[PDB]
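Here's the structure, in structure tokens; my notes come after.
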Amino acid sequence: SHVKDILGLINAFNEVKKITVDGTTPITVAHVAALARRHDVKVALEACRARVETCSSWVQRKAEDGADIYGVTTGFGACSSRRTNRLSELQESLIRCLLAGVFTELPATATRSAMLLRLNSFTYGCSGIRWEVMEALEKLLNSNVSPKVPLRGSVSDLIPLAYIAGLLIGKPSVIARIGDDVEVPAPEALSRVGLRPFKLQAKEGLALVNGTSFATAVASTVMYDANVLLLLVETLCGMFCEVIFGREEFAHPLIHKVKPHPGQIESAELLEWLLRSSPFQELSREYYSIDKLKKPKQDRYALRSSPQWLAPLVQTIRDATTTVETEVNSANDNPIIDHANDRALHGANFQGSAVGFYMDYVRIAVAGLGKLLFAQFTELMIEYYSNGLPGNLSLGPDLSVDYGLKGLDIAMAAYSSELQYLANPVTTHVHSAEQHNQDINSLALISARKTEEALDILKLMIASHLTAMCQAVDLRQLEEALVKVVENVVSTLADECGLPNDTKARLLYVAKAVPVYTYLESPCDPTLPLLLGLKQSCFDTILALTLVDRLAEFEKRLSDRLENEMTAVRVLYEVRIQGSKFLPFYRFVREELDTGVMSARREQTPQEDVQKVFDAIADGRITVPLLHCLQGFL
Amino acid sequence: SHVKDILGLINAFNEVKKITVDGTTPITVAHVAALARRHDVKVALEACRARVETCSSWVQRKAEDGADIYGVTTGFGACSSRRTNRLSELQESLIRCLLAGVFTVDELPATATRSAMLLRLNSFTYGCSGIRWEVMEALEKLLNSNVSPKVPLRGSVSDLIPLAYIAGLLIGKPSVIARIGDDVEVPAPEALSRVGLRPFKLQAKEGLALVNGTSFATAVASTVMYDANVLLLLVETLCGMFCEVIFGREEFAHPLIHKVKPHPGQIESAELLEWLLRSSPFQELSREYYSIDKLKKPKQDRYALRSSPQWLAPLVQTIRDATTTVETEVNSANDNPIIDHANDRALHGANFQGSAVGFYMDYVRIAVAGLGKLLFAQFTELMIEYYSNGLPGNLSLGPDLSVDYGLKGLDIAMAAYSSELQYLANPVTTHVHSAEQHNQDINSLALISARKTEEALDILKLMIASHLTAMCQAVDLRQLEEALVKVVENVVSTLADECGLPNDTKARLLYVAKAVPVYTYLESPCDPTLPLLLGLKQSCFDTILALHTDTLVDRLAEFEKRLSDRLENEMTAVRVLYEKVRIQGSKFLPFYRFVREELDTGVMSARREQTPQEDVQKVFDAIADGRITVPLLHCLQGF
Amino acid sequence: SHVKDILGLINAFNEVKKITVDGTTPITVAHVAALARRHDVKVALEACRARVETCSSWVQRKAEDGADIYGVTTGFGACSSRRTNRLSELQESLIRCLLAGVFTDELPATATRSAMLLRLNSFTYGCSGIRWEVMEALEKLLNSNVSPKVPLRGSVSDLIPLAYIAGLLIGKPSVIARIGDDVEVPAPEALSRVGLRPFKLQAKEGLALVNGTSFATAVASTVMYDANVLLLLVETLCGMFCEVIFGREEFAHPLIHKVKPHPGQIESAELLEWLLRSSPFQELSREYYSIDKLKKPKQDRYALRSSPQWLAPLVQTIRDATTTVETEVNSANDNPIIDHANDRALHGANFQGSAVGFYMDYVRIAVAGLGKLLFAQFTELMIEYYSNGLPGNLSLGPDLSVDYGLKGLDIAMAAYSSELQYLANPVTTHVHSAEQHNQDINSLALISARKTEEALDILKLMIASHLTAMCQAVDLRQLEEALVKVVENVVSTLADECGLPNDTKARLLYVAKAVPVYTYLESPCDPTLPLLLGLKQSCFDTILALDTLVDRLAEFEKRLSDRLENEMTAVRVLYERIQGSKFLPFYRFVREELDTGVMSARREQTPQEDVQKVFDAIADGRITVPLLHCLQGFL
Ligand SMILES: *N[C@@H](c1ccccc1)C(F)(F)C(=O)O
Ligand SMILES: *N[C@@H](c1ccccc1)C(F)(F)C(=O)O
Ligand SMILES: *N[C@@H](c1ccccc1)C(F)(F)C(=O)O
């Protein structure tokens with residue numbers, strides 16, 4: 001199951017201390033994301049040194065012998081017919097030419113990831129780069145030194161990679177970060193870490209720039225996030241079922257066996273397990289047993305069609321992860337040196353098309369994830385579709401001065417709207433580039449950036465959705481306690497007023513049946529559903545059988561006693577979640593993040609509450625409640 | 001290799017005679033495509049009959065006894081609160097309300113309709129639907145009798161409305177029109193009459209069972225994926241033919257390049273290309289071409305060739321993965337509720353949701369746009385003298401280029417094809433509306449997406465037809481070129497002797513004859529301002545300085561005058577003769593031979609009366625009807 | 001007002017008999033659309049003849065004397081450096097080269113005839129150098145219904161498709177021509193049948209024939225005609241929507257729009273205020289919000305209330321693009337441009353279809369906006385929570401469990417809007433560097449025009465469904481009014497017969513007035529439905545406010561049960577305000593002229609059959625008759 005694979009990724013991200021780069025051990029998207037985001041994570045380049053030096057030696061010696069090899073004794077790109085013996089000058093003129101970006105930047109996280117991925121490519125021993133340059137890359141990475149790199153210019157990653165090469169050769173115009181607090185010209189940065197500027201040998205300029213390292217770097221953290229957010233969305237579908245009073249049957253194994261898309265079986269299998277012994281599903285069964293024939297037979301699509309919907313999304317995100325990791329673990333470079341067979345091989349491994357195309361697909365899948373969240377949120381906000389919950393999840397009781405999560409609802413539409421726009425492909429906009437030499441190009445970095453922007457929005461949407469669901473948990477729990485009060489007040493008052501058994505039964509059924517949030521604002525308002533039902537019953541008990549006096553007295557005593565006792569339990573409140581598999585999420589948001597039920601009495605704005613949830617998602621603290629919730633699933 | 005899988009698909013499409021529909025043998029995209037396109041292909045429903053009858057009687061009993069089951073004793077969609085014991089009228093009312101398409105005729109074609117009927121029939125064999133076996137038999141008979149309802153093109157968010165027309169046929173709705181063969185349209189009651197059927201009266205759940213499926217989206221996706229596989233393999237293969245005509249370096253496909261960047265589609269496409277180009281007579285000429293003035297010529301090829309395996313990689317993987325997804329849907333019970341009669345429950349879910357097909361249709365349309373762009377880039381290089389390594393601009397034979405613009409028209413159309421294709425590849429799946437009284441707040445739009453991908457494939461067929469036609473032109477131009485260069489050499493060689501020129505002059509002159517691209521001076525071989533006589537003049541001056549007399553100058557002047565007399569006549573003669581060989585040793589011989597001999601074409605020029613349309617039309621027709629798979633299979637023989 | 005301009009376009013489309021082509025008289029999009037669609041419309045080429053022959057003469061002379069002029073003594077496109085004195089063969093080689101489309105699908109005859117018209121018109125300016133006699137042949141071909149069959153694709157904007165018209169004129173055997181609707185013959189037989197002989201191309205003539213924007217602009221012209229008509233139609237139907245939904249017409253108040261004065265906002269609101277002023281339905285709406293006022297919405301939802309703000313950019317986009325397309329229709333889209341007066345061949349790019357291209361992209365986005373408005377309005381009309389008394393799906397019932405009303409149309413509306421939104425992505429953002437990199441910018445105007453055309457097909461579908469639904473809503477509103485009165489009468493008369501106190505009678509009559517009738521039509525005396533539910537509350541209340549009374553109330557309840565349903569069934573059967581409404585022409589056209597009725601289980605015709613009739617009438621222009629009646633007297 002993909003659920004195991006994603007939990008494996010989260011663990012790896014959390015547990016990795018050293019990333020060994022040795023030409024053989026795979027680097028995963030978790031390793032890359034951990035390097036980028038956790039400063040205590042170090043690179044360990046393992047002396048594959050033998051194959052690096054052989055390749056390096058082969059390239060320099062052949063170049064000096066005057067062998068005819070692209071970009072070592074020839075011009076670059078469309079200029080490949082020009083030959084030269086100016087070995088170092090050739091390489092230097094390439095870097096000069098490629099220092100061509102403009103600051104209107106790629107972040108340090110991306111840049112460091114690119115540095116790791118370039119270093120990794122070199123370990124396969126096809127590049128002809130010197131071992132010493134690799135050691136400098138490892139040292140730069142572990143010292144938190146990174147060039148400032150312009151955002152744009154790559155069609156996929158010559159220009160952005162030229163800034164890493166610029167740093168390594170000490171270009172004065174290249175600015176490097178040393179940690180978060182220091183910016184200095186490249187020569188000063190090299191000095192401060194005990195390095196001297198390199199003099200480029202044969203092929204070294206080209207080897208440093210001819211990779212897919214920036215596209216693949218952004219794609220790696222994109223894929224790590226996409227896996228985690230994917231699992232988070234699937235899991236939260238179960239919380240949605242619980243708070244909305246869904247029917248868990250939608251996740252029944254036979255439904256999905258019979259339409260066996262792997263993502264459909266696996267998401268449904270997770271959802272069946274999450275909901276198996278749910279206290280909230282127990283309430284759901286109670287709810288639909290009261291006036292069963294006046295209530296929906298099935299849930300609406302946002303819940304009931306969730307496994308079918310998630311299926312291609314799971315599969316796209318899983319497959320794209322494989323593709324990105326293949327790219328991470330590849331010699332993306334040209335020429336490829338086949339030193340064992342005494343030849344340089346001319347091809348196009350710099351071409352980031354596998355990554356670019358899959359970036360387009362994943363952005364579409366992320367939009368699909370956003371649409372599901374938006375549809376669920378919309379249902380949650382509308383009393384007609386929420387099975388007893390108040391509109392906008394407004395606690396009130398005075399709804400005229402409590403518009404609940406309406407702000408969050410509007411924002412969800414804005415989030416989804418922009419997300420859907422972002423999901424158009426980048427890959428269809430291929431221009432014939434670089435003197436028409438690059439007449440196909442992947443645009444993978446640009447695509448990766450757009451998928452990253454899409455995920456930023458998805459994070460906003462998940463934070464909002466989780467926050468609303470926590471609100472909804474409190475509201476369901478308050479609902480149960482409120483209904484018990486109403487029943488108790490109705491029962492005891494019927495006794496006191498000495499009403500017949502016929503009467504008491506009719507009134508207690510009303511007290512159990514009418515949704516409490518329809519009348520919470522003013523419980524004894526004669527135009528609201530509680531008293532409406534009560535009056536209906538009282539007339540019926542009169543037709544079926546002083547009795548009038550005892551009924552009028554009941555209605556007066558209820559008018560005096562009920563709202564006060566409802567306010568009491570409400571104020572006290574300001575439990576079923578204790579038995580829910582989603583307890584860790586509720587406990588995380590309420591206790592660890594220090595929040596409470598949302599209302600006019602709570603001073604914290606929706607911003608303040610959703611910001612905490614969002615920050616926990618952005619920095620990965622959300623995986624703790626996620627891993628606790630999933631504990632024991634196999 | 002995906003290459004084996006696609007060859008398998010093609011074999012299955014050509015060879016199948018009966019599609020067995022039995023609830024356990026899988027139906028592939030090739031079977032669907034063969035049913036749709038080959039009218040000798042028949043459906044065989046295999047009496048799964050037991051579980052089907054158990055299911056339908058289970059549903060009927062439960063309903064009669066008043067069991068609470070969605071869409072059987074319950075209103076539909078957003079109205080599922082409403083209960084009824086009006087079992088047949090409930091189902092009748094669903095069909096009436098769903099007969100809501102409009103003919104703009106634009107319609108779903110018979111091919112997609114018949115495919116959809118097969119897929120619905122297939123879903124039913126899993127015994128989860130509650131449909132009567134006799135309705136299933138009716139579907140088999142309609143299929144085998146070539147009777148199809150006429151179905152409006154639009155209305156589905158994925159396939160209630162379109163499927164309602166098949167249901168409408170079965171119950172004899174007079175407003176539903178039916179095809180019988182290619183030439184007859186009659187009202188539904190008459191169509192049933194003509195094949196020995198009586199209108200059905202819908203039992204509990206039967207109206208819903210007929211309409212609550214992904215049959216149309218999946219029908220169009222099936223023929224889309226079949227075509228996408230074939231066209232993909234064709235594009236991959238023709239990359240090798242492009243290498244041969246453009247004078248590429250086959251090194252780009254070396255197995256080590258790709259082992260070291262091991263995307264499965266990258267390795268497998270490069271593996272195919274290495275095989276296609278091993279021992280190529282055209283690659284031999286390429287090696288010779290670059291050995292002459294080596295240092296004045298590009299060390300590497302441009303991206304459209306050299307980066308083809310890296311470009312193809314995701315395209316191969318998307319198309320292969322989508323085929324699996326679509327076939328999983330073909331072989332599914334897409335219906336709701338799902339009757340688990342063994343455990344006496346009707347399970348309420350959403351197997352009618354075509355999201356798997358919808359999202360993959362979007363991915364594939366993107367992959368197809370990538371295939372179009374690859375063809376457009378390759379075609380572009382071929383038309384431009386600066387990038388074609390000796391070929392004339394526009395692949396114009398001429399020799400008078402002022403009245404022969406060659407394949408320029410095709411070049412223009414290729415830009416028009418790619419442009420619209422890139423536009424089409426925007427996603428459909430991002431346009432989800434909250435539908436059906438906000439009941440369907442997510443919906444796949446799979447049929448809409450599948451239609452756009454089909455449109456994308458129409459354009460790709462056009463591009464492949466053009467590209468293949470151009471490469472056959474280029475084959476002829478390369479073969480004529482080799483012949484013309486040999487004549488220039490002979491004339492220069494013998495005339496050098498006969499004019500009594502020194503051996504160092506003769507050798508200089510013969511170098512020029514070998515090194516100058518013949519198509520740069522074919523228009524007028526002895527024009528003093530064109531590259532042949534340019535080089536000859538330089539060489540003649542250098543000779544005078546090197547051997548530095550009046551006799552030398554007389555003989556050199558004589559050489560120029562006599563070349564002026566003879567060379568054009570000789571060059572004209574070999575060209576005319578050619579219009580009246582290395583491809584014989586090429587793995588692409590079956591393509592060249594198919595286009596030239598079987599389709600009856602020739603080198604394009606001002607002397608050929610057939611227009612580019614007429615030539616490309618033949619190739620396009622062969623791609624459209626599958627005849628192109630014959631040279632594809634011959635070419636790939638032994639791989 | 002744009003409303004007046006569109007009415008002007010409609011009248012011209014309907015009334016034109018002869019399109020005058022003379023180099024000075026403007027050709028409008030209505031003229032193009034009428035030629036395309038009404039075959040009784042003829043072309044009158046007015047012998048501009050003198051400037052044409054002068055320009056023609058100039059070119060032939062200059063070419064024969066070996067002047068250096070692009071595409072007359074030089075090669076084409078990227079090959080312009082080649083010179084030749086083979087004047088006719090040069091022109092012939094161009095056509096040969098451009099006969100390069102494929103039949104997969106074809107540009108329709110309507111578009112091809114429009115393209116022939118536009119090319120002929122371009123020639124009248126006397127910049128092209130084409131012979132007068134070729135122009136007469138084009139006029140004759142137009143007037144005789146002869147058209148080449150033309151491949152759909154190949155143009156980046158229109159060399160390849162125009163080469164088919166040139167191919168017809170020179171009698172290329174491989175070019176197939178239509179004669180009327182049924183005859184298809186090779187080009188030389190077609191020419192022969194209308195008494196023409198094949199032209200032999202003179203200097204520049206091949207190029208003049210192919211070097212225009214005629215196909216993009218043809219399709220764009222019918223696109224813009226339809227866009228104007230359908231726009232006005234959607235704007236107008238917003239008023240009809242207000243009437244059936246129980247809208248508040250104040251949304252169209254002139255001060256609101258004076259204060260945010262986008263011209264399209266002012267003008268659509270002005271139209272809507274006029275359509276809704278003293279409406280009988282607005283009077284029903286006013287009544288509705290007066291009953292339990294404080295429990296009903298103070299404002300309408302956006303699909304109505306925000307309609308003039310929404311329509312504003314859409315009106316403006318469609319009007320400005322009409323101007324732009326007409327400027328193209330009336331242009332010398334050719335190259336070189338011959339300035340015979342000053343003896344210069346001017347080298348430019350009037351073949352570049354970019355004005356049309358970008359505007360087709362804009363219009364497609366605006367059409368998507370119109371579709372979205374219709375979708376949102378239709379969605380509200382189907383949902384009881386938002387329709388202010390109307391049944392879900394506009395189901396008549398009474399038994400809703402066997403009547404799902406217009407739910408099928410509702411699903412289809414989502415499908416239509418969805419695909420329409422996708423179609424509205426731009427084509428102009430996909431410019432490829434084409435034709436040996438000579439055409440490194442190109443308009444793609446024909447492709448874009450085709451997509452806008454496709455988007456308008458869907459809009460037609462959406463308008464047809466919406467209008468059908470609103471007619472259903474008219475019937476349901478009038479039936480509602482008749483039903484409430486019936487219930488009020490039955491309640492009143494039965495209160496008297498049971499001798500109920502005035503207090504009781506008053507309470508019960510208010511329930512009869514207040515409860516939306518469609519919430520209980522299914523079973524009027526079901527004790528779980530809103531009527532008897534309201535009646536029981538009032539009965540308990542009257543007992544508190546005041547044992548023989550109980551007897552009488554129990555007798556009222558039994559009598560109502562005997563009587564109410566039958567009285568309601570009778571009025572409904574018989575039925576199976578619009579007379580004072582400005583939308584009467586639309587209702588009458590759909591119900592009477594198209595022969596339809598309220599939708600229910602008892603009517604055999606399917607939703608398809610009803611909507612097809614309405615769609616066909618939109619498609620062929622018959623919809624403009626009720627539209628013009630509805631708007632009579634406006635401004
Ligand atoms: N990646 C291409 C290139 C172009 C310009 C400068 C450096 C590199 C290339 F295709 F030419 C290559 O490096 O192989
Ligand atoms: N697919 C949905 C439906 C809606 C309207 C008519 C028939 C069917 C459904 F979700 F409600 C279902 O059938 O499950
Ligand atoms: N439109 C261009 C052209 C190209 C090929 C054939 C005919 C015309 C042109 F720009 F070159 C022109 O005609 O001006």
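Scheme for the structure tokens: letters A, B, ... for chains in order shown; per-chain residue numbers from 1; ligand numbers from 1 in order shown.
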
Practice item. Identify all chain C residues at most 9 Å from chain A by counting only C-alpha atoms; ligands do not count. Present them as a list in words. Key: residues 385, 429, 430, 431, 432, 433, 533, 534, 535, 536, 537, 538, 539, 540, 541, 543, 544, 550, 551, 553 and 554 of chain C

Write out as CSV the residues of chain A that have any atom within 6 Å of an atom of chain B, one row each with the nearest atom pair and its distance in Å to one decimal, counting only C-alpha atoms, sorted by chain and then rising number.
residue,atom,partner,partner_atom,distance
A:80,CA,B:298,CA,5.0
A:81,CA,B:298,CA,4.0
A:250,CA,B:349,CA,4.6
A:258,CA,B:333,CA,5.6
A:259,CA,B:332,CA,4.6
A:294,CA,B:81,CA,5.5
A:295,CA,B:81,CA,4.9
A:296,CA,B:81,CA,4.3
A:297,CA,B:80,CA,5.3
A:300,CA,B:439,CA,5.1
A:301,CA,B:440,CA,5.5
A:304,CA,B:349,CA,5.8
A:305,CA,B:350,CA,5.0
A:309,CA,B:355,CA,5.6
A:312,CA,B:356,CA,5.0
A:330,CA,B:261,CA,4.7
A:331,CA,B:260,CA,5.6
A:346,CA,B:252,CA,5.8
A:347,CA,B:252,CA,4.5
A:348,CA,B:307,CA,4.9
A:353,CA,B:311,CA,5.6
A:354,CA,B:314,CA,5.0
A:375,CA,B:441,CA,5.7
A:420,CA,B:430,CA,5.2
A:424,CA,B:426,CA,5.5
A:428,CA,B:422,CA,5.2
A:437,CA,B:302,CA,5.1
A:438,CA,B:303,CA,5.5
A:439,CA,B:377,CA,5.7

Would you write out, as a Markdown table, a table of all residues in chain C that have an atom no more than 7 Å from an atom of ligand 3, listing for each the closest atom pair and the distance in Å to one decimal, considering only C-alpha atoms and all ligand atoms and ordering rows by chain and rising residue number?
| residue | atom | partner | partner_atom_place_in_ligand_line | distance |
| --- | --- | --- | --- | --- |
| C:71 | CA | ligand 3 | 13 (O) | 6.7 |
| C:76 | CA | ligand 3 | 6 (C) | 4.7 |
| C:77 | CA | ligand 3 | 11 (F) | 3.1 |
| C:78 | CA | ligand 3 | 11 (F) | 6.5 |
| C:94 | CA | ligand 3 | 6 (C) | 6.7 |
| C:159 | CA | ligand 3 | 7 (C) | 6.8 |
| C:207 | CA | ligand 3 | 7 (C) | 6.3 |
| C:211 | CA | ligand 3 | 13 (O) | 6.1 |
| C:335 | CA | ligand 3 | 14 (O) | 5.4 |
| C:336 | CA | ligand 3 | 14 (O) | 6.7 |
| C:348 | CA | ligand 3 | 14 (O) | 6.7 |
| C:349 | CA | ligand 3 | 14 (O) | 5.9 |
| C:351 | CA | ligand 3 | 1 (N) | 6.5 |

Review point. Rounded to one decimal in Å, what is the spacing between atom CA of residue 3 of chain B and atom CA of residue 236 of chain B?
Key: 9.7 Å

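Here the question is which of C:393, C:418, C:14, C:569 gets nearest to ligand 2 using only C-alpha atoms and all ligand atoms, and that residue is C:393.
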
Practice item. May I ask you to extract the residues of chain B within 7 Å of chain C, using only C-alpha atoms, and to give them as number ranges by chain? Key: B: 75, 82-84, 89-90, 93, 96-102, 155-157, 380, 383-384, 402-413, 415-417, 419-420, 422-423, 428, 431-433, 435-437, 448, 611-613, 617

Write a file of the selected residues as a PDB file, in the first residue's frame, keeping C-alpha atoms.
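Printed below is result-v6.pdb as written:
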ATOM      1  CA  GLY B  75     -35.664   8.779  -5.731  1.00  0.00           C
ATOM      2  CA  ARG B  82     -38.084  10.287  -1.544  1.00  0.00           C
ATOM      3  CA  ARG B  83     -39.350   6.737  -1.139  1.00  0.00           C
ATOM      4  CA  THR B  84     -41.702   4.902  -3.487  1.00  0.00           C
ATOM      5  CA  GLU B  89     -42.582   3.855 -13.019  1.00  0.00           C
ATOM      6  CA  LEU B  90     -39.578   5.004 -10.952  1.00  0.00           C
ATOM      7  CA  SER B  93     -39.222   8.326 -14.998  1.00  0.00           C
ATOM      8  CA  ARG B  96     -37.674  10.163 -19.524  1.00  0.00           C
ATOM      9  CA  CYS B  97     -35.861  12.789 -17.486  1.00  0.00           C
ATOM     10  CA  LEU B  98     -32.429  11.722 -18.886  1.00  0.00           C
ATOM     11  CA  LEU B  99     -33.547  11.945 -22.493  1.00  0.00           C
ATOM     12  CA  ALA B 100     -32.360  15.502 -22.570  1.00  0.00           C
ATOM     13  CA  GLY B 101     -29.617  15.742 -25.130  1.00  0.00           C
ATOM     14  CA  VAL B 102     -29.911  17.949 -28.175  1.00  0.00           C
ATOM     15  CA  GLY B 155     -24.655  16.427 -21.736  1.00  0.00           C
ATOM     16  CA  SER B 156     -22.516  14.012 -19.727  1.00  0.00           C
ATOM     17  CA  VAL B 157     -20.283  15.015 -16.794  1.00  0.00           C
ATOM     18  CA  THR B 380      11.319  22.023 -39.150  1.00  0.00           C
ATOM     19  CA  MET B 383      12.951  21.997 -44.318  1.00  0.00           C
ATOM     20  CA  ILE B 384      15.892  24.256 -43.488  1.00  0.00           C
ATOM     21  CA  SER B 402      12.077  29.697 -58.319  1.00  0.00           C
ATOM     22  CA  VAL B 403       9.142  27.523 -59.473  1.00  0.00           C
ATOM     23  CA  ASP B 404       9.378  24.762 -56.895  1.00  0.00           C
ATOM     24  CA  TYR B 405       8.699  25.587 -53.224  1.00  0.00           C
ATOM     25  CA  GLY B 406       8.725  21.906 -52.333  1.00  0.00           C
ATOM     26  CA  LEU B 407       7.040  20.933 -49.101  1.00  0.00           C
ATOM     27  CA  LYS B 408       6.628  24.551 -47.843  1.00  0.00           C
ATOM     28  CA  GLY B 409       2.829  24.077 -47.726  1.00  0.00           C
ATOM     29  CA  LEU B 410       3.231  21.021 -45.530  1.00  0.00           C
ATOM     30  CA  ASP B 411       5.714  22.972 -43.366  1.00  0.00           C
ATOM     31  CA  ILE B 412       3.094  25.698 -42.812  1.00  0.00           C
ATOM     32  CA  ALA B 413       0.376  23.150 -42.026  1.00  0.00           C
ATOM     33  CA  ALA B 415       2.894  24.711 -37.487  1.00  0.00           C
ATOM     34  CA  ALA B 416      -0.918  24.974 -37.690  1.00  0.00           C
ATOM     35  CA  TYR B 417      -1.247  21.367 -36.505  1.00  0.00           C
ATOM     36  CA  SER B 419      -0.338  25.115 -32.473  1.00  0.00           C
ATOM     37  CA  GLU B 420      -3.920  23.778 -32.204  1.00  0.00           C
ATOM     38  CA  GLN B 422      -0.800  22.494 -27.808  1.00  0.00           C
ATOM     39  CA  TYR B 423      -4.006  24.486 -27.207  1.00  0.00           C
ATOM     40  CA  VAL B 428     -10.627  19.515 -18.724  1.00  0.00           C
ATOM     41  CA  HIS B 431     -13.242  22.742 -14.748  1.00  0.00           C
ATOM     42  CA  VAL B 432     -15.359  20.865 -12.237  1.00  0.00           C
ATOM     43  CA  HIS B 433     -18.728  22.563 -11.541  1.00  0.00           C
ATOM     44  CA  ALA B 435     -23.687  19.875 -10.444  1.00  0.00           C
ATOM     45  CA  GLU B 436     -27.135  18.261 -10.135  1.00  0.00           C
ATOM     46  CA  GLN B 437     -28.621  20.359  -7.305  1.00  0.00           C
ATOM     47  CA  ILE B 448     -15.359  15.561 -22.457  1.00  0.00           C
ATOM     48  CA  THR B 611      -0.431  17.830 -55.291  1.00  0.00           C
ATOM     49  CA  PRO B 612       0.989  17.430 -51.756  1.00  0.00           C
ATOM     50  CA  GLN B 613      -2.611  16.884 -50.582  1.00  0.00           C
ATOM     51  CA  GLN B 617      -4.014  12.005 -48.167  1.00  0.00           C
TER      52      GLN B 617
END

Check your understanding: Can you list, as number ranges by chain, every residue of segment 231-463 of chain B that DSSP puts in helix (DSSP H, G or I)?
Key -> B: 231-246, 250-253, 255-259, 264-277, 281-291, 294-296, 303-306, 308-330, 341-343, 355-383, 385-387, 393-395, 401-403, 408-424, 429-431, 446-463

**Study point:** Filtered DSSP result for segment 44-288 of chain C, state strand (DSSP E or B), as a ChimeraX atom specification
**Key:** /C:44-45,74,83,107,146-148,150,176-179,183-186

Which residues are near residue 49 of chain A? Cut-off 7 Å, only C-alpha atoms, ignore same chain within fewer than 3 positions. Put them as a CSV table (one decimal) with N, CA, C and O atoms, in the first residue's frame.
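File result-v2.csv, as written:
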chain,number,residue,atom,x,y,z
A,52,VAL,N,35.8,8.4,-10.4
A,52,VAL,CA,35.9,9.9,-10.6
A,52,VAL,C,37.2,10.3,-11.2
A,52,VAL,O,37.3,11.1,-12.2
A,53,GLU,N,38.3,9.8,-10.6
A,53,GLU,CA,39.6,10.2,-11.0
A,53,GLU,C,40.0,9.5,-12.4
A,53,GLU,O,40.7,10.2,-13.2
A,131,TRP,N,37.7,15.2,-8.6
A,131,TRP,CA,37.3,14.8,-7.2
A,131,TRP,C,37.3,16.0,-6.3
A,131,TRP,O,36.4,16.2,-5.5

Review point. Excluding same-chain residues fewer than 5 positions from residue 284 of chain B, what lies within 12 Å of it counting only C-alpha atoms, as an MDAnalysis selection string?
Key: chainID B and resid 243:245 247:250 277:279 289:291 582:583 585:586

Revision key, fill the gap. Separating atom CA of residue 392 of chain B from atom CA of residue 83 of chain A, to the nearest tenth of an Å, is a gap of 26.3 Å
